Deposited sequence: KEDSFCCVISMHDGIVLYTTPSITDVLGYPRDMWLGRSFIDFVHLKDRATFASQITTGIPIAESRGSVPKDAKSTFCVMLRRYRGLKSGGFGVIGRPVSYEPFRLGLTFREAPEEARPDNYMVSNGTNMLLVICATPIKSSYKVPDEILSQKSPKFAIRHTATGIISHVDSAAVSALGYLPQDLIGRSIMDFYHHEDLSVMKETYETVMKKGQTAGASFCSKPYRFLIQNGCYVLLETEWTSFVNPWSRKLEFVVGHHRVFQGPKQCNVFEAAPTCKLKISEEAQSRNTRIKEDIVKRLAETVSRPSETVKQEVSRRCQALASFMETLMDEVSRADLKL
């Protein structure tokens, strides 16, 4: 197992009816203090919209599992991986019941400036051509300290250390060149990334991308991350503990320009040249034709028939 508590909400007024005893151990709340209270009253403001959008797109008219920050009793908020489950009323129109299973999320690091190996939490963050994070893997939470909803929406550029904007511009220029060939990937030298507590970590990234074959423009960039070196601060969830400052003029201005260029270049069209003419070695190759004839059936059957 792992320290976790469940609670039972009423889909009529959103009040909490039952809380497992473990509630006092995991969050400090007295056995039956949650009783009768509104459940979202314990869900941090920044996460309610994520919560609302989850019980809206999940209601019955695994099962949904997302993250949120709950508050501790008698202030601080802590990260929880919640498991929603809708089931009909028991005991003695339909009365619905929501059962939530909150299990705490804890920081990936054991020592300051940890250098990781194979026990290393690998994870992917994906962003659009204009640099807006659209997806983040589960793993990313314990490693960076952000909840998926804390990153999605924001610009990936807000996380590259200011001194490193020029080195990132070259990594991104490399990503666009690699775009000439689909699936062409590449690992880059470890760079600093801003994590929840203001500290920076070194991330080793494998960069891949998707270019729309019809339009030839960049759809999204996805970095497969692994933390090369952890933060000075082990806890990745506490409030900003030191570490911040920069030279106004030549920085924010030079930096804002560099980002301007990266996004400029990412919008640029990629080359996918018409080499396919000599390629009538495969246009005439009996092997390829047979495979594709079959490929056409392995699919024509599967999807439309079942």
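Sequence order list of spans that the model leaves without C-alpha positions, deposited numbering: Model skips 62-71, 85-97, 116-125 of the deposited chain.
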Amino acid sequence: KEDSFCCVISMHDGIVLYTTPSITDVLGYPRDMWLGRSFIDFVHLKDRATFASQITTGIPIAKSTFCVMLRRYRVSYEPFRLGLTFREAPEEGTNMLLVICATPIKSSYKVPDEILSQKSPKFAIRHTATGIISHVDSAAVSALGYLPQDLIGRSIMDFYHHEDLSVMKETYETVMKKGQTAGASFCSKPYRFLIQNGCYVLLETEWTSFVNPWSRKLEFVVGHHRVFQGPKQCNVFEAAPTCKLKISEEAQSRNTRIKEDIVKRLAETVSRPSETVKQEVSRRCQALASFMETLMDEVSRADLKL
From here on, numbers count along this sequence of modelled residues.
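Could you settle it for me: does 141-149 or 158-166 have the higher average Cα B factor in the PDB entry? It is 158-166.
Mean C-alpha temperature factor, higher of 108-116 and 127-135: Higher of the two, by average CA B-factor, is 108-116.
Highest Cα B-factor in the PDB entry belongs to which of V26, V277, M69, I59? Largest recorded C-alpha B-factor: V277.
By the CA temperature factor listed in this entry, which of these ranks top: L202, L84, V222, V236? Highest C-alpha B-factor among the listed residues goes to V236.
Among the modelled residues of this chain, does the Cα B factor of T94 put it in the lowest, middle or highest third? As the PDB entry reports it, the C-alpha B-factor of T94 lands in the highest third of its chain.
Going by the CA temperature factor in the PDB record, which third of the chain does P79 belong to: lowest, middle or highest? Tercile = lowest for this residue's CA B-factor.
Would you mind checking where the Cα B-factor of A49 ranks among the modelled residues of its chain, as the lowest, middle or highest third? It belongs to the lowest third of the chain when residues are ordered by C-alpha B-factor.
By its CA B factor, does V43 count among the lowest, middle or highest third of the modelled residues in the chain? It belongs to the lowest third of the chain when residues are ordered by C-alpha B-factor.
Report the third (lowest, middle or highest) to which the CA temperature factor of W214 belongs, ranking only the modelled residues of the same chain. Its C-alpha B-factor, which the entry lists for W214, ranks in the middle third among residues of this chain.
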